[PDB]
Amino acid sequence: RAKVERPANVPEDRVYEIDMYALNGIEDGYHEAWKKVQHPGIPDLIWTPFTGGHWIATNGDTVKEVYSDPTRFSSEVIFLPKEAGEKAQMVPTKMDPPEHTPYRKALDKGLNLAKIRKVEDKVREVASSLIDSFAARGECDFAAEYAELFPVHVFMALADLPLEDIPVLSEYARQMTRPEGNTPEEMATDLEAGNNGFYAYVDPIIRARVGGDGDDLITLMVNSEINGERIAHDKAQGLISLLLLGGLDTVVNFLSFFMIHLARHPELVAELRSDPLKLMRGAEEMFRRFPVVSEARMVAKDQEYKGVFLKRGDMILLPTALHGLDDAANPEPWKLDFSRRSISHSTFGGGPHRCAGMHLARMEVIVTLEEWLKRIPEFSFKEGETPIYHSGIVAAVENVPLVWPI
């Protein structure tokens, strides 16, 4: 709808009509729609009048570079449109170093690789138990009956929460991650129901776990220090909330993306079923091939970049799809190749905000896939059905009916 007028720093030949929430051809798939943007010869930085007017990085080299220099490209605003964000600070996602660092250090206590190794059995239980619920059926909607459920069940185990509380957490997760609907007033109220609901829910748990010896995410966050002192109660609520939301919409959609693909590549499934080690070693490959995030950075100071003069406060969208699927970075990028030697992507971003959850994500994906093939070694996508895609900050897909012999 709303277009802004081309600013004086945007040359006419960098103008593309791209709506990140409604990509041309999104119905035929999210990755294909982004790739359709990245035509041969496209400049490294283009600009669109939609969503407030913003630049877009169009290949792996540019995505990487904008991601990794907070002095030039700040997380002061990371969400498009620039008015959305945007008051709520969701600490530390909008901080630059050094402010960012000790908040990230608190996140890392719950998510580091050594720590994640020790939760593998709990994640495997979530996955085998979800799958058991439907393996005997010979069909399921992968998205609604596994993907949507899995992150929340993982979070309960990692944050040591009663499984009984799934419905109330699920409701607040819906509200917090995809607010609805009719007016700006309506969406704000909806989001606040999510955010403030989750806030009341975790409050006493925070207080009970101060001084505690559990190694669940909540004890670890609330007992963290920030510049020499125990973290403020509210900051800790913010980290806990971030732990919940960081691993939710990304993982929900990512899991359906790769399952859609495996559903339509039985030979590849055969290959993985036969080489468990190749399966385990190929998480990076799946992350490259199915990136889901398009956050942004704000130009931190006036500066020349990629042939244009950028102004402080301009935004650059970083569609991470355009790194993993970039053929200048990964030859024959459409192939999910478990033997690929050099797997270049920014699916977890880059620089200091590079996904704190990336070790948990790898283990969730591998464990899901192992636990799936144990029970359901052969499977396909239901005849006469198609997935339904949306683009946005996080790529969305649903309707993943899969079927298997029984």
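The first residue of the sequence shown is number 1, and the count goes up from there.
According to the PDB record, 175-183 carries the higher mean C-alpha B-factor of the two stretches 175-183 and 322-330. The question of which stretch, 248-256 or 211-219, has the higher mean Cα B factor is settled in favour of 211-219. By the numbers in the PDB entry, the CA B factor is greatest at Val91 among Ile240, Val154, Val91, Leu111.
Residue set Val77, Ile316, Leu310, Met280: peak C-alpha B-factor at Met280 (per PDB entry). When the modelled residues of the chain are ordered by their C-alpha B factor, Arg117 lands in the middle third. Per the PDB record, residue ranking by Cα B-factor puts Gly52 in the middle third of the chain. Split the chain's modelled residues into thirds by C-alpha temperature factor. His353 is in the lowest one.
Compared with the other modelled residues of the chain, the Cα B-factor recorded for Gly194 ranks in the middle third. Per-chain ranking of the deposited C-alpha B factor places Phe287 in the lowest third.
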